[PDB]
Amino acid sequence: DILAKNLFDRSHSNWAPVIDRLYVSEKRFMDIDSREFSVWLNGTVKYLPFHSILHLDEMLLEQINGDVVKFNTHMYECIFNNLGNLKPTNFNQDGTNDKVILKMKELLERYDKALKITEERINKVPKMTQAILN
RNA sequence: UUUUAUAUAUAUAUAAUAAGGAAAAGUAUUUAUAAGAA
């Protein structure tokens, strides 16, 4: 029923019902191939609301069992694109307590972690792309 | 472009994928001065 109400209208594809379904569902994203799934998710899922982007973030975490190192480029790109496409809820006068900015630095620090845990394990690697900076 | 996917020997040939969209009104003194004709 979820595919019918929103996805049928080509102009505006609303993926909040879909993400909410797959977050409510116990199966979530586990047991799904990282590669095909990352490319599809990045390609199609855009303009998500903030809470949807959260649920998607933790549920990719649960897909990958919480291994920061495995977390691929396209995964970053999807989360970052959705975060950026969000407009500010309100222009706070100081304008530094935004949620999106904090989650954005959270993801960057997570990347730094993943790199450090990979190097420590030594004792493909993820990359940053112009899309994330943009 | 970039990122990944397959294949082959870190690299090569192919396929797919593209983040840059903002609206608004009103806010003088100029300077020195070079002419040709039969």
# chains A, B, ... in the order shown; residues from 1 in each chain; ligands from 1

$ residues_around --residues "stretch 2-9 of chain B" --least-positions-apart "3" --cutoff "12 Å" --atoms "only C-alpha atoms (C1' of nucleotides)" --output "number ranges by chain"
A: 34-40, 42-43, 72-78, 124, 126-132; B: 12-19

$ residues_around --residues "residue A:58" --least-positions-apart "6" --cutoff "12 Å" --atoms "only C-alpha atoms (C1' of nucleotides)" --output "ChimeraX atom specification"
/A:19,22-23,28-30,51-52,64-68,71,75,79,107

$ write_last_selection --atoms "N, CA and C atoms" --output "PDB file, in the first residue's frame"
ATOM      1  N   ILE A  19      10.698   4.457   4.603  1.00  0.00           N
ATOM      2  CA  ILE A  19      11.711   4.335   5.645  1.00  0.00           C
ATOM      3  C   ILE A  19      11.054   4.029   6.981  1.00  0.00           C
ATOM      4  N   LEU A  22      10.247   0.310   6.980  1.00  0.00           N
ATOM      5  CA  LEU A  22      11.402  -0.567   7.137  1.00  0.00           C
ATOM      6  C   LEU A  22      12.077  -0.365   8.489  1.00  0.00           C
ATOM      7  N   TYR A  23      11.799   0.756   9.159  1.00  0.00           N
ATOM      8  CA  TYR A  23      12.310   0.946  10.512  1.00  0.00           C
ATOM      9  C   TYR A  23      11.415   0.253  11.530  1.00  0.00           C
ATOM     10  N   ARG A  28      14.317  -4.896   8.864  1.00  0.00           N
ATOM     11  CA  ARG A  28      15.111  -3.669   8.696  1.00  0.00           C
ATOM     12  C   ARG A  28      15.954  -3.802   7.428  1.00  0.00           C
ATOM     13  N   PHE A  29      17.254  -3.507   7.473  1.00  0.00           N
ATOM     14  CA  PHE A  29      18.142  -3.587   6.322  1.00  0.00           C
ATOM     15  C   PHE A  29      19.089  -4.778   6.382  1.00  0.00           C
ATOM     16  N   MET A  30      19.019  -5.600   7.427  1.00  0.00           N
ATOM     17  CA  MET A  30      19.974  -6.687   7.586  1.00  0.00           C
ATOM     18  C   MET A  30      19.830  -7.700   6.456  1.00  0.00           C
ATOM     19  N   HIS A  51      14.020  13.268  10.782  1.00  0.00           N
ATOM     20  CA  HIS A  51      13.838  12.044  11.553  1.00  0.00           C
ATOM     21  C   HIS A  51      14.000  10.817  10.664  1.00  0.00           C
ATOM     22  N   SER A  52      13.504  10.887   9.427  1.00  0.00           N
ATOM     23  CA  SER A  52      13.709   9.788   8.492  1.00  0.00           C
ATOM     24  C   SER A  52      15.192   9.553   8.245  1.00  0.00           C
ATOM     25  N   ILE A  64      25.070  -3.025   9.010  1.00  0.00           N
ATOM     26  CA  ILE A  64      26.487  -3.359   8.983  1.00  0.00           C
ATOM     27  C   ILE A  64      27.014  -3.746  10.360  1.00  0.00           C
ATOM     28  N   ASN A  65      26.131  -4.058  11.310  1.00  0.00           N
ATOM     29  CA  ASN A  65      26.495  -4.502  12.652  1.00  0.00           C
ATOM     30  C   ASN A  65      27.279  -3.453  13.428  1.00  0.00           C
ATOM     31  N   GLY A  66      27.274  -2.201  12.976  1.00  0.00           N
ATOM     32  CA  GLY A  66      27.983  -1.146  13.668  1.00  0.00           C
ATOM     33  C   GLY A  66      29.452  -1.026  13.332  1.00  0.00           C
ATOM     34  N   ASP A  67      29.926  -1.705  12.291  1.00  0.00           N
ATOM     35  CA  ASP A  67      31.322  -1.594  11.873  1.00  0.00           C
ATOM     36  C   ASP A  67      31.478  -0.307  11.075  1.00  0.00           C
ATOM     37  N   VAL A  68      32.154   0.679  11.670  1.00  0.00           N
ATOM     38  CA  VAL A  68      32.349   1.964  11.002  1.00  0.00           C
ATOM     39  C   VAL A  68      33.185   1.790   9.739  1.00  0.00           C
ATOM     40  N   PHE A  71      31.579   1.005   6.334  1.00  0.00           N
ATOM     41  CA  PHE A  71      30.593   1.976   5.871  1.00  0.00           C
ATOM     42  C   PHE A  71      31.075   2.686   4.602  1.00  0.00           C
ATOM     43  N   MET A  75      27.159   5.319   0.946  1.00  0.00           N
ATOM     44  CA  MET A  75      26.359   5.430   2.155  1.00  0.00           C
ATOM     45  C   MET A  75      26.477   6.840   2.725  1.00  0.00           C
ATOM     46  N   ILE A  79      23.471   9.839   2.910  1.00  0.00           N
ATOM     47  CA  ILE A  79      23.125  10.541   4.142  1.00  0.00           C
ATOM     48  C   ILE A  79      23.400  12.032   3.991  1.00  0.00           C
ATOM     49  N   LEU A 107      29.124  12.544  11.410  1.00  0.00           N
ATOM     50  CA  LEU A 107      29.506  11.635  10.332  1.00  0.00           C
ATOM     51  C   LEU A 107      30.969  11.814   9.946  1.00  0.00           C
TER      52      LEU A 107
END

$ closest_residue --among "B:1, B:33, B:25, B:20" --to "residue A:84" --atoms "only C-alpha atoms (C1' of nucleotides)"
B:20

$ select_by_dssp --residues "chain A" --states "helix (DSSP H, G or I)" --output "number ranges by chain"
A: 2-7, 16-24, 34-44, 50-63, 73-85, 99-122, 130-133

$ atom_distance --atom1 "atom CA of residue A:4" --atom2 "atom CA of residue A:20"
15.2 Å

$ closest_residue --among "A:2, A:32, A:104, A:59" --to "residue A:82" --atoms "only C-alpha atoms"
A:104

$ atom_distance --atom1 "atom CA of residue A:47" --atom2 "atom CA of residue A:81"
7.7 Å

$ residues_around --residues "residue A:13" --least-positions-apart "4" --cutoff "9 Å" --atoms "only C-alpha atoms (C1' of nucleotides)" --output "VMD selection string"
chain A and resid 6 to 9 45 to 46

$ write_last_selection --atoms "N, CA, C and O atoms" --output "PDB file, in the first residue's frame"
ATOM      1  N   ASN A   6       2.272   7.224  -2.427  1.00  0.00           N
ATOM      2  CA  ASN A   6       3.257   8.270  -2.690  1.00  0.00           C
ATOM      3  C   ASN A   6       4.135   7.991  -3.901  1.00  0.00           C
ATOM      4  O   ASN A   6       4.304   8.870  -4.751  1.00  0.00           O
ATOM      5  N   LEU A   7       4.706   6.790  -4.011  1.00  0.00           N
ATOM      6  CA  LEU A   7       5.658   6.525  -5.083  1.00  0.00           C
ATOM      7  C   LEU A   7       5.023   6.574  -6.466  1.00  0.00           C
ATOM      8  O   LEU A   7       5.731   6.841  -7.444  1.00  0.00           O
ATOM      9  N   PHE A   8       3.716   6.324  -6.581  1.00  0.00           N
ATOM     10  CA  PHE A   8       3.091   6.316  -7.901  1.00  0.00           C
ATOM     11  C   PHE A   8       3.191   7.680  -8.573  1.00  0.00           C
ATOM     12  O   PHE A   8       3.473   7.767  -9.775  1.00  0.00           O
ATOM     13  N   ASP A   9       2.969   8.756  -7.824  1.00  0.00           N
ATOM     14  CA  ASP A   9       3.097  10.100  -8.373  1.00  0.00           C
ATOM     15  C   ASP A   9       4.570  10.384  -8.646  1.00  0.00           C
ATOM     16  O   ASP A   9       5.366  10.509  -7.709  1.00  0.00           O
ATOM     17  N   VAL A  45      16.805   7.597  -3.159  1.00  0.00           N
ATOM     18  CA  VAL A  45      16.249   8.146  -1.924  1.00  0.00           C
ATOM     19  C   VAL A  45      16.878   9.509  -1.662  1.00  0.00           C
ATOM     20  O   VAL A  45      18.056   9.603  -1.310  1.00  0.00           O
ATOM     21  N   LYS A  46      16.088  10.569  -1.833  1.00  0.00           N
ATOM     22  CA  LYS A  46      16.553  11.934  -1.629  1.00  0.00           C
ATOM     23  C   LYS A  46      15.457  12.744  -0.949  1.00  0.00           C
ATOM     24  O   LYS A  46      14.295  12.334  -0.896  1.00  0.00           O
TER      25      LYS A  46
END
